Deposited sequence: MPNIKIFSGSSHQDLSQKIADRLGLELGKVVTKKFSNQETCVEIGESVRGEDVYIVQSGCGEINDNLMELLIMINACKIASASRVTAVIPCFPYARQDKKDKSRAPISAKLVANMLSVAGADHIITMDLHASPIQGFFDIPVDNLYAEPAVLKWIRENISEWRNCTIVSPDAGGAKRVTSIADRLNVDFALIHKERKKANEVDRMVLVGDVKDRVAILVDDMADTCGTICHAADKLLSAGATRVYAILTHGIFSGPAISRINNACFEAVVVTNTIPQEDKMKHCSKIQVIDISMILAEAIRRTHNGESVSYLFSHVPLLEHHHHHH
């Protein structure tokens, strides 16, 4: 009854999920015309089946979006019983408000686009902001990296019991306080004035920069510099969604971090090779467990 397809050139998260549920990825012919046009063909019957599509991540976010949507549509009009988008890293997630601008709410657009394409259900992990669940009318099961992040800090940072979790921006206070509370450590927060400012006890104690995602690393790199000026013993970088394009990769190595943790929502294989301090948290079991429980009607709230 259950069927899993991968949505890209990228099949390393998708294949990991299918193995854990004892399945083979669905047979799909995906091609790109010389004029950049995406061609997708479901090479099997998905009729009456419970279909799951895991998004790709070749670095290009529009191509990945379009193939995601094309696949959901291809499956819907082929009488799939239910289509879920399994999108650990929600595209355009930053654009969830106008921000004192004539700016799009692109997160709401993408939700409208996922809905109109045919999606009946969304599985995602650690949304930038949580109200993006409210952009959909369909059920959204948003998973948390929180348990997986906490487990790493406890098992890798030795001097954690008296460390400090730090937000790289103003709009990250909620997330770092929560991480701090569970570990009974202190928290701090950075705000770029541009001169950077720090608020919270960081002197002679392990500092861990936890954030949802870093693109150019420009913010998180200067965040490490500041923390070291403020006298933190050592510094870390936890980034659930690791986009890491352009100057980021090199910026991290010239940076002082003892370790830079990520989750394989975006494949670090080619970049782990160009940076040794990086470590990946496997989020496939969490995604596989959330697919089985969704298909069986079992509680995902435990996860």
Handout entry: Deposited positions without coordinates, collected into consecutive stretches in sequence order
Key = 1-2, 196-202, 313-326
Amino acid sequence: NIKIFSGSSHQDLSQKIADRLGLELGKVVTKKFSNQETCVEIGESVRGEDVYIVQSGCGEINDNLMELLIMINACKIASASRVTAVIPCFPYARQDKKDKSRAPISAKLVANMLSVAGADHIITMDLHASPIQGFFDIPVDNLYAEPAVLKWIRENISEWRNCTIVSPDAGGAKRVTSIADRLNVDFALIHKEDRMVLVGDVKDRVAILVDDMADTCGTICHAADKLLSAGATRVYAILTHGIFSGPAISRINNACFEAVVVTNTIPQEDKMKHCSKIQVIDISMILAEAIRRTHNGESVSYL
From here on, numbers count along this sequence of modelled residues.
Exercise for the section: Take the C-alpha B-factors listed in the entry for 266-274 and for 54-62, compute each mean, and give the stretch with the larger one. Expected result: 266-274
Exercise for the section: Going by the average Cα B-factor in the PDB entry, point out whether 162-170 or 100-108 comes out higher. Expected result: 162-170
Problem - Options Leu209, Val116, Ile132, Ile87 - largest CA temperature factor per the record - result: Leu209
Problem - Residue with highest C-alpha B-factor in the PDB entry, from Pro147, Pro139, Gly218, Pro91 - result: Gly218
Handout entry: B-factor third for the C-alpha atom of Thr240 within its chain
Key = highest
Practice task
Would you mind checking where the Cα B-factor of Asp201 ranks among the modelled residues of its chain, as the lowest, middle or highest third?
Solution key: highest
Practice task
Among all modelled residues of this chain, ranked by Cα B factor, put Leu228 in the bottom, middle or top third, i.e. lowest, middle or highest.
Solution key: highest
Handout entry: Chain-wide C-alpha B factor ranking for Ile122, given as lowest, middle or highest third
Key = lowest
Practice task
Place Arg47 in the lowest, middle or highest third of its chain's C-alpha B-factors, as listed in the PDB entry.
Solution key: lowest
